[PDB]
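A note on names: the letters A, B, ... follow the listed sequences, proteins ahead of strands, and every chain is numbered from 1.
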Amino acid sequence: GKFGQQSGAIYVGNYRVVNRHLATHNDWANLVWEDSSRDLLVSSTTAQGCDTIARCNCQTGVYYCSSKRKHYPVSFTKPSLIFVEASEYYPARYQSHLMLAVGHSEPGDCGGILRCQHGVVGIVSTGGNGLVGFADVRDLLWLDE
Amino acid sequence: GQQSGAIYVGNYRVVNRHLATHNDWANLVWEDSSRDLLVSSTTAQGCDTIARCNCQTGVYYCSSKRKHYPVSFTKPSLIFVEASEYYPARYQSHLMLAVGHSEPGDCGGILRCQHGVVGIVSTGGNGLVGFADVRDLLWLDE
Ligand SMILES: [Zn+2]
Ligand SMILES: [Zn+2]
């Protein structure tokens, strides 16, 4: 402990990484960094997190889909700037650093973790039209403080 | 299992509408701009079989990589597509998506499953390959 698991967050060092749209009041009071275009928010924690962030260029991995109660292996795109249709939390807009795969994603699946052999790749962010999008974390080097 | 850039079934040739030739247009059977599809008549009989199934996995040919790739793909739907040389930004109908290489020259590559031809490469960008679904056009084998 502490591991993110299915909790909807990544815990690395003194940081907690969540979907920005799911961030709690405490997250915001504890804010480190947040970017709406990436749907990401990072808060500071007292306890030390055990998740390892992948530094690689893997395009294949496995994510947890809560709505199906299953892990799925997926091929996914490199992170890019992609138009995303409106959700409950965002208008139709361009989202940055987003990776897409074919898979099931309901709003409740957000926060599901995508992993490869090297560590945590990203978290479920978007869904619909039979695609699941993941916000990439691999470029944020400062998470490894 | 041919890849010529077109599907040949019976007396029909199925091609991307944006790649259709003058001869295709002089031979026109049906075309739909929102689907990026055009069908023309042919003199010679084609050997392709159109899949009637529900399959969401298959194999497509990517000309730019000179490779066939196994892919899982979405059910056909109405999808926003960024502007290309041939179309303005718009919603394209009956489009199925997978993760894969798709360049403009890859249009016409055929997606197949064990049952037959599923669709043809239509779109690409941000690391996705889109395929225009042909499985609903029943009249192709009628
Ligand atoms: Zn990796
Ligand atoms: Zn099939």
Contact class of B:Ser77 relative to chain A, heavy atoms under 4.5 angstrom: side chain

Contact class of B:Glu82 relative to chain A, heavy atoms under 4.5 angstrom: side chain

Heavy-atom proximity to chain B below 4.5 Å, by part of A:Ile82: side chain

Would you say [Y] ends up clustered with [X] if hydrophobic residues are merged whenever their side chains have heavy atoms under 4.5 Å apart, either directly or through other cluster members?
X: B:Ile7; Y: B:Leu37; value: yes
X: B:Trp30; Y: B:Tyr12; value: yes
X: B:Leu140; Y: B:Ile120; value: yes
X: B:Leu111; Y: B:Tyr69; value: yes

Options B:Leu78, B:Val71, B:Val99, B:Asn126, ranked by heavy-atom pairs under 4.5 Å with chain A, top entry: B:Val99

